[PDB]
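So this first bit is one chain, no partners, the form deposited in one PDB entry, shown in structure tokens.
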């Protein structure tokens, strides 16, 4: 309910960027700010409500590493979330294109930035539910001498609670295992999975596997792979622990990363 209604006349739709979860995403302009326009598919009212819920919740938080949500445009039957365009796009796509050339120090800066934003959300007691490399956007590349990367975590889109089992399974291994059959504990697991994804240059474990085989992995409660670095491995394994209450707080995660 508490979100800004963007007028259709204030937005200009440019190029199609990709399909998202129940969406098509376009570059746009907001009268001018550079934005993305997330056009909801024709949906049951409960999906639209979950879409509105995200826009409302995201409009009331602020963080240097959270992408802005400008509001929602209702254009006839259409529902369009209007969010900040982040210059260099998704981290996973970028890492895959740049693989082999990204130092561990760079990855540790990015990790700390993400842990900072999630520590703030944990404090606000706000569930994200879609922490993954595709949703970490690069505002600054930080490869050049004297530079440092700068990320922004985007909104979760249609809230996890409204999605089907099939699309929850597709979100494995970022999806917390307790969510397969809503606590901020789930974002600790997504963080851990995103750290693995980053360490492996944008390739998450279990992505060459079928949906039924991802589901089976969780049902057997197999442990996800560890990175080579034992301190980093200690943190990822702690985050990627099946019992949610055994996952460390983001205050603790943040402290551990700062020493790395």
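Positions refer to the first chain, counted from 1. C-alpha atoms forming the largest set that superposes within 1.5 Å between two forms make up the rigid core.
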Would residue 182 be found without coordinates in at least a third of the other compared entries? yes
Gap size between residue 181 and residue 182, counting deposited residues with no coordinates: none, 1 to 3, 4 to 9, or 10 or more? 4 to 9
What lies unmodelled of the deposited sequence between residue 31 and residue 32 amounts to 10 or more
Which has the higher mean CA temperature factor in the PDB entry, 125-133 or 80-88? 125-133
Quick one: higher average CA temperature factor, 93-101 or 184-192? 93-101
Checking the record values for 64, 59, 43, 212, which has the greatest CA B factor? 59
Residue of maximum C-alpha B factor among 158, 138, 144, 111, per deposited coordinates: 144
Residue 247 - which third its CA temperature factor falls in, relative to the rest of the chain: middle
Where the record places residue 72 (Cα B-factor, split into thirds across the chain): middle
Thinking about Cα B factors across the chain, which third does residue 37 belong to? lowest
Lowest, middle or highest third: where is residue 25 by Cα B-factor in its chain? lowest
Going by the recorded CA B-factors, say which third of the chain residue 197 sits in, lowest, middle or highest. lowest
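The same protein also exists as the form deposited in another entry; that form is not shown, yet it is the one meant from here on.
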Just one of 231, 64, 219, 60 has a CA that shifts 2 Å or more between the shown form and the other one on a core fit; which is it? 231
